[PDB]
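As structure tokens, the structure follows; a few thoughts come after it.
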There are 2 protein chains.
Amino acid sequence: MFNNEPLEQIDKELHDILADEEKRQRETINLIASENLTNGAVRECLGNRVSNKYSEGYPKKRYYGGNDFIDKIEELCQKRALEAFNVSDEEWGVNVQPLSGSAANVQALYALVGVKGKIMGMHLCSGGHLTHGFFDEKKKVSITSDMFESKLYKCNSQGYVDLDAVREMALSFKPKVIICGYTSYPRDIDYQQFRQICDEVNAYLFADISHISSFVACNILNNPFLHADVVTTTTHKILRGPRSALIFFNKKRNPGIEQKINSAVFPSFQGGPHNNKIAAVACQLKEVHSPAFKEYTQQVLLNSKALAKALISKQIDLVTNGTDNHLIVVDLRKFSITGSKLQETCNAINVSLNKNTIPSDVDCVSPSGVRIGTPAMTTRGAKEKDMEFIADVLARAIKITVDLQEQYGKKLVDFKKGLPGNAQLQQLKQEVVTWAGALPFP
Amino acid sequence: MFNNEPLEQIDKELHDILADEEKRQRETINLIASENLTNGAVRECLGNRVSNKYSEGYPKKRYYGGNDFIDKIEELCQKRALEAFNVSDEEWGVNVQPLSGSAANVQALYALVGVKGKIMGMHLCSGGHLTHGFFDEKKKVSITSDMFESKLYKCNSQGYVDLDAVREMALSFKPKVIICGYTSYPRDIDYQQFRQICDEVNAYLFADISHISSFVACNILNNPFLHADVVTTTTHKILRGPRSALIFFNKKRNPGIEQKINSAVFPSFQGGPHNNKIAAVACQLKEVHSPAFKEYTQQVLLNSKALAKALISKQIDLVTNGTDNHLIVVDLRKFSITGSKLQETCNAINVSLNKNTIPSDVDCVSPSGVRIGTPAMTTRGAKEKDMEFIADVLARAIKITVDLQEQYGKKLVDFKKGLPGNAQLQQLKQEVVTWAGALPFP
Ligand SMILES: Cc1ccccc1-c1cc(C(F)(F)F)cc([C@@]2(C(C)C)C(C#N)=C(N)Oc3n[nH]c(C)c32)c1
Ligand SMILES: Cc1ccccc1-c1cc(C(F)(F)F)cc([C@@]2(C(C)C)C(C#N)=C(N)Oc3n[nH]c(C)c32)c1
Ligand SMILES: Cc1ncc(COP(=O)(O)O)c(CNCC(=O)O)c1O
Ligand SMILES: Cc1ncc(COP(=O)(O)O)c(CNCC(=O)O)c1O
Ligand SMILES: [Cl-]
């Protein structure tokens, strides 16, 4: 007693937008540092009937029977996660149930410290995530700043983590967790150094590697597994998986953490796992382990360096004047145009990037930059030679933005009126579209 | 630079288990009250490239641009949700970003009362959800018991909500919110009488209708919208959508609740929404509104009535001696067997049901019943006449379970040994498989 008509027939209204979304993805130069493109295999999993099943609990300790095939899929995913991040299944545990990154971080933090618990993370302005204890004078913006007591550590005026300030803070604050690994940070992390500060106060070390996961797994960048009690990561960014999260816990350093973390995920915070996610994650984790995927990850940093170099060659300033990873942050103060202005201009030319704060911005009211990343375009087959063109399109967009701000004035309302119908934007869009539309598209 | 090889070729190991999973679903008599089977159109959305997009925030106020098509999908879903539940968009608002039921409830409760806030809900033992404040002497099992201060009310010895006890509690406890709507409650709710108690103590009225959603939408059962400040529902159960949740809030009764709920979902708890979920939900919400779906929902209650009656005719006791909805809870005290025992037996015969507590059970350690529901089987095409057979299979399973307990004893380990190889079970299974495999399968 159901309607099995195909999506096109069943919902022509929704099917049209999705074809449109597909086309806009197909014709966009996507510089969002957190985005990527999933293959058909990962999307077959997300559409799989395995999402029908309720399977609260863990494998072999399931509330319901008839979870025979779900247990195999959940354990195959845990196995591949541990393998991919080069961890022994004797020494490291993994939870694959968190629905997304923010959920995983809140669950993992609660496990360690509980309500009223003390945490330290990077400020959102300085590169840290919302789930790293972010708050404001007006409000406790994240639950992580409200259900926990959190303190926030800034990066220096050059845009690097200042360990002296972290320790200065850690000794007076005495937290149970110190969070490292960030949302918009263009350099590698000194986890070893972090591990030393946590011991000095007996705090837990929490490494959120969602933006840099593929680097860590493929050993291009520092390994937080060597020092961290917990490693959280999303699966949908550089890893190129579905939207989900992973929590890693070091049993050897902390016996009894496995149950503490597993109970935090369920039944403290979630109900039934989403099984299509789990299957999809397993499917991507097979791909992560191959030497082919390391080739892809290498390519992301190659492109990111070439992009950074090419932007400096056009006299554009970068936070920390370069990058060790997939991402860059452009400091736009040189041109006296805000980040949101450039985001609007870039969308008009089908360039997806996002506005981003910089060290000089005391206040989040106006982000003075934009953040860009190479994983999505690396996925679409772009090589080092392609980066000069991207740098060129970005340079042209900044210039156009300066022109439109001059012509229509600095107010954002005023600026936006200038955007529609601009001949140069339409010319730039066309140029963007022709080049983007041609590239391989999973 | 990606692998577009199909799932079967790319990951033969995973494809085998999913092919097995598909076969088990196809040949199982699924009585799980919370399960259903999604159609192909809902699964196409779940597999759509729309999940590639990061779109934090709300429509027309995204952090990022290039969310034009995403904004249409997110607004099309909210509209259809308000349409489907017969609420005017001026009086009622809805948030469509919660990833699942448990996340939605925690988020709504936080919005209403904050950390240390006071809540009341039904005890887990009596039919309440984990996210309704559930705790135990040994541990605060849910975050709802830990991040909030919760009080738990029980149903009477006949298995009915005791409103005197709710008021007895509410006046002494003085909560800011009172939850009603339950996980395993076989009767309808007097939402009106809840409002009367809520107004008396100036507490909010929270109705969690996840199990009964379709009934509420199609006006077959009491409409909580007339009395409630907040309504939460999952989309994956009787509503037959993907795994997601909806939060409804009443603007007229509480202006400025909209921002409170919306800020709670993001950025307080979640990060990027899962757009494939929202797309998937939009697709099911269109179907919810058709009169064909009312036909199906009506059929679910007919099958449930017929099932309760056929079970009473075989001298099987039902909690409350019947049902007003999709679910029945069987009291197995008559046969001196446990619900856990009966769950094993039923999985051995490809009958999916779950163990469930009853009013007499002091503790959830040994639940004395099982819970069944008709939505899945109703979806597969089963009619009233088909119920006698399902009631026949359940009686036979209860009988076999008594025999195996006689032969191998009451210890659970001892009992399970009896399960493999049993001729009657193998006989009962084939009977189940032959009948189940024939039915329409979306
Ligand atoms: C300040 C604030 C308060 C409440 C909700 C969101 C934000 C916010 C604002 C911005 C801004 F540029 F100012 F617009 C940027 C961000 C970033 C970036 C990546 C867009 C950000 C940054 N800078 C970091 N570190 O992390 C994130 N997590 N999610 C989002 C969306 C963000 C967040
Ligand atoms: C007691 C306990 C502590 C910690 C985690 C889970 C449970 C639990 C136990 C049972 C059992 F006793 F075994 F039948 C059942 C349940 C139910 C049913 C529907 C399986 C239940 C019930 N009775 C309610 N009301 O709600 C739920 N939400 N999630 C689960 C899984 C449940 C929960
Ligand atoms: C370090 C970090 N941690 C956690 C999350 C949470 O992910 P979910 O959106 O899945 O909750 C993000 C998202 N990062 C947003 C961005 O960089 O664009 C992140 O950057
Ligand atoms: C009343 C109620 N509320 C919230 C949830 C949470 O749903 P998620 O699993 O999507 O977190 C459930 C799940 N119901 C469990 C069952 O009936 O089997 C529920 O019954
Ligand atoms: Cl999903």
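Letters A, B, ... mark the chains of the structure tokens in the order given; residue numbers begin at 1 per chain; ligand numbers begin at 1, in order shown.
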Worksheet item: Out of region 94-251 of chain A, which residues get helix (DSSP H, G or I) from DSSP, as an MDAnalysis selection string?
Response: chainID A and resid 101:113 130:132 143:146 163:173 191:201 210:217 224:226
Item to complete: Residues within 9 Å of ligand 5, counting only C-alpha atoms and all ligand atoms: report them as a PyMOL selection string.
Response: (chain A and resi 46-47+51+99+242-244+274-277) or (chain B and resi 46-47+51+99+242-244+274-277)
Fill in: Test item: residues lying within 7 Å of ligand 2 with only C-alpha atoms and all ligand atoms, as a list in words
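Checked against 7 Å with only C-alpha atoms and all ligand atoms; the hits are residues 56, 63, 267 and 271 of chain A; 124, 125, 126, 127, 128, 129, 130, 141, 183, 184, 354, 355, 356, 357, 364, 365, 366 and 367 of chain B.
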Discussion item. According to DSSP computed on the backbone, where in region 147-313 of chain A is there strand (DSSP E)? Give the residues as a ChimeraX atom specification.
Written reply: /A:149-153,177-180,204-208,230-234,245-250
Discussion item. Quick check, in Å to one decimal: how far apart do CA of residue 336 (chain B) and CA of residue 312 (chain B) lie?
Written reply: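 Computing the Euclidean distance for CA of residue 336 (chain B) and CA of residue 312 (chain B) yields 17.6 Å.
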Item to complete: Give the residues close to ligand 4, within 8 Å, counting only C-alpha atoms and all ligand atoms; write them as number ranges by chain.
Response: A: 54, 56, 270-273; B: 32-35, 99-103, 105, 128-132, 181-184, 208-211, 232-234, 236, 243-245
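Closest approach to ligand 3 among B:259, B:97, B:78, B:9 is made by B:97 (distances from only C-alpha atoms and all ligand atoms).
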Taking 5 positions as the minimum chain separation for residues in the same chain, which residues sit within 12 Å of region 413-425 of chain B when counting only C-alpha atoms? Answer as a short mmCIF file (atom, residue, chain, number, x, y, z; two decimals) with C-alpha atoms, in the first residue's frame.
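So selection.cif came out as:
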```
data_model
loop_
_atom_site.label_atom_id
_atom_site.label_comp_id
_atom_site.auth_asym_id
_atom_site.auth_seq_id
_atom_site.Cartn_x
_atom_site.Cartn_y
_atom_site.Cartn_z
CA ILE B 337 8.29 -16.12 30.09
CA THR B 338 10.18 -12.89 29.51
CA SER B 340 13.70 -11.04 25.97
CA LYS B 341 13.05 -14.76 25.54
CA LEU B 342 10.17 -14.06 23.11
CA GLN B 343 12.31 -11.61 21.12
CA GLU B 344 14.95 -14.29 20.52
CA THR B 345 12.31 -16.83 19.46
CA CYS B 346 10.70 -14.34 17.06
CA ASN B 347 14.01 -13.34 15.45
CA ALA B 348 14.66 -17.10 15.03
CA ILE B 349 11.42 -17.18 12.96
CA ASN B 350 12.01 -13.84 11.13
CA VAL B 351 9.51 -11.90 13.26
CA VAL B 393 2.38 -16.86 14.45
CA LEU B 394 2.78 -14.93 17.71
CA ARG B 396 2.86 -20.32 18.20
CA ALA B 397 6.07 -18.43 19.16
CA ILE B 398 4.84 -17.92 22.68
CA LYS B 399 4.02 -21.61 22.89
CA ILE B 400 7.45 -22.67 21.54
CA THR B 401 9.15 -20.28 23.97
CA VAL B 402 7.38 -21.94 26.88
CA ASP B 403 8.56 -25.39 25.65
CA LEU B 404 12.17 -24.31 25.22
CA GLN B 405 12.10 -22.76 28.69
CA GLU B 406 10.74 -26.09 30.01
CA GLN B 407 13.48 -28.07 28.22
CA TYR B 408 16.53 -25.83 28.85
CA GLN B 430 9.48 -21.10 6.42
CA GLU B 431 5.81 -20.30 6.95
CA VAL B 432 6.81 -16.73 7.83
CA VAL B 433 9.29 -16.43 4.93
#
```
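Among the candidates A:249, A:173, A:435, A:296, the one nearest to chain B when counting only C-alpha atoms is A:296.
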Worksheet entry | Which residue of A:441, A:248, A:389, A:58 approaches residue 89 (chain A) most closely, using only C-alpha atoms |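 The shortest atom-to-atom distance to residue 89 (chain A) comes from A:248.
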Practice prompt. Write out as number ranges by chain which residues come within 9 Å of region 13-19 of chain A when counting only C-alpha atoms, dropping same-chain ones fewer than 2 positions away.
Written response: A: 7-11, 21-24; B: 45, 48-50, 69-70, 72-73, 76, 279, 282-283
Just the selected residues (N, CA and C atoms), exported as a PDB file, in the first residue's frame, please.
```
ATOM      1  N   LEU A   7      10.945   9.457  -8.509  1.00  0.00           N
ATOM      2  CA  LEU A   7      10.998  10.806  -7.943  1.00  0.00           C
ATOM      3  C   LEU A   7      10.512  11.884  -8.920  1.00  0.00           C
ATOM      4  N   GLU A   8      10.961  11.772 -10.175  1.00  0.00           N
ATOM      5  CA  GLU A   8      10.529  12.695 -11.248  1.00  0.00           C
ATOM      6  C   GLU A   8       9.001  12.743 -11.397  1.00  0.00           C
ATOM      7  N   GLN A   9       8.387  11.568 -11.481  1.00  0.00           N
ATOM      8  CA  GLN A   9       6.932  11.463 -11.539  1.00  0.00           C
ATOM      9  C   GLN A   9       6.279  11.883 -10.218  1.00  0.00           C
ATOM     10  N   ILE A  10       6.709  11.282  -9.109  1.00  0.00           N
ATOM     11  CA  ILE A  10       6.083  11.541  -7.797  1.00  0.00           C
ATOM     12  C   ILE A  10       6.128  12.992  -7.381  1.00  0.00           C
ATOM     13  N   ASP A  11       7.280  13.651  -7.571  1.00  0.00           N
ATOM     14  CA  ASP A  11       7.457  15.046  -7.155  1.00  0.00           C
ATOM     15  C   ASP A  11       8.253  15.800  -8.190  1.00  0.00           C
ATOM     16  N   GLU A  21      20.150  22.196  -8.577  1.00  0.00           N
ATOM     17  CA  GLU A  21      21.241  22.130  -7.584  1.00  0.00           C
ATOM     18  C   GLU A  21      22.429  21.421  -8.208  1.00  0.00           C
ATOM     19  N   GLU A  22      22.158  20.288  -8.860  1.00  0.00           N
ATOM     20  CA  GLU A  22      23.155  19.504  -9.572  1.00  0.00           C
ATOM     21  C   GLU A  22      23.923  20.340 -10.589  1.00  0.00           C
ATOM     22  N   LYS A  23      23.189  21.091 -11.405  1.00  0.00           N
ATOM     23  CA  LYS A  23      23.769  21.982 -12.408  1.00  0.00           C
ATOM     24  C   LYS A  23      24.628  23.105 -11.753  1.00  0.00           C
ATOM     25  N   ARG A  24      24.108  23.785 -10.735  1.00  0.00           N
ATOM     26  CA  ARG A  24      24.888  24.792 -10.007  1.00  0.00           C
ATOM     27  C   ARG A  24      26.196  24.209  -9.391  1.00  0.00           C
TER      28      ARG A  24
ATOM     29  N   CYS B  45      16.300  10.844  -2.805  1.00  0.00           N
ATOM     30  CA  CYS B  45      16.638  12.093  -2.166  1.00  0.00           C
ATOM     31  C   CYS B  45      17.795  11.869  -1.250  1.00  0.00           C
ATOM     32  N   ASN B  48      20.922  11.862  -2.968  1.00  0.00           N
ATOM     33  CA  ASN B  48      21.115  13.008  -3.860  1.00  0.00           C
ATOM     34  C   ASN B  48      22.375  13.773  -3.511  1.00  0.00           C
ATOM     35  N   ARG B  49      23.005  14.369  -4.518  1.00  0.00           N
ATOM     36  CA  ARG B  49      24.187  15.259  -4.308  1.00  0.00           C
ATOM     37  C   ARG B  49      23.905  16.520  -3.510  1.00  0.00           C
ATOM     38  N   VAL B  50      22.663  16.767  -3.166  1.00  0.00           N
ATOM     39  CA  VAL B  50      22.349  17.896  -2.306  1.00  0.00           C
ATOM     40  C   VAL B  50      23.052  17.842  -0.930  1.00  0.00           C
ATOM     41  N   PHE B  69      19.226  27.050  -4.338  1.00  0.00           N
ATOM     42  CA  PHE B  69      18.411  25.854  -4.493  1.00  0.00           C
ATOM     43  C   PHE B  69      18.152  25.140  -3.162  1.00  0.00           C
ATOM     44  N   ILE B  70      19.143  25.173  -2.266  1.00  0.00           N
ATOM     45  CA  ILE B  70      18.983  24.658  -0.886  1.00  0.00           C
ATOM     46  C   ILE B  70      17.923  25.412  -0.118  1.00  0.00           C
ATOM     47  N   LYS B  72      15.305  26.889  -1.318  1.00  0.00           N
ATOM     48  CA  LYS B  72      13.970  26.524  -1.826  1.00  0.00           C
ATOM     49  C   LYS B  72      13.508  25.202  -1.235  1.00  0.00           C
ATOM     50  N   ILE B  73      14.402  24.208  -1.230  1.00  0.00           N
ATOM     51  CA  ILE B  73      14.145  22.918  -0.609  1.00  0.00           C
ATOM     52  C   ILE B  73      13.877  23.074   0.870  1.00  0.00           C
ATOM     53  N   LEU B  76      10.393  24.790   1.098  1.00  0.00           N
ATOM     54  CA  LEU B  76       9.380  23.829   0.639  1.00  0.00           C
ATOM     55  C   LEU B  76       9.035  22.758   1.678  1.00  0.00           C
ATOM     56  N   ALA B 279      15.447  17.327   1.838  1.00  0.00           N
ATOM     57  CA  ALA B 279      14.894  16.906   0.550  1.00  0.00           C
ATOM     58  C   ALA B 279      14.017  15.671   0.715  1.00  0.00           C
ATOM     59  N   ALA B 282      10.825  16.571   2.584  1.00  0.00           N
ATOM     60  CA  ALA B 282       9.919  17.281   1.677  1.00  0.00           C
ATOM     61  C   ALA B 282       9.131  16.314   0.804  1.00  0.00           C
ATOM     62  N   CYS B 283       9.809  15.303   0.282  1.00  0.00           N
ATOM     63  CA  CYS B 283       9.165  14.298  -0.557  1.00  0.00           C
ATOM     64  C   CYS B 283       8.097  13.482   0.187  1.00  0.00           C
TER      65      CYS B 283
END
```
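Across the structure, CA of residue 299 (chain B) and CA of residue 155 (chain B) are spaced 28.4 Å apart.
Distance annotation: of B:156, B:313, B:352, B:426, the residue with the minimal separation from chain A is B:352; atom set is only C-alpha atoms.
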Worksheet item: Of the candidates A:145, A:150, A:193, A:214, which one gets nearest to chain B if we count only C-alpha atoms?
Response: A:145
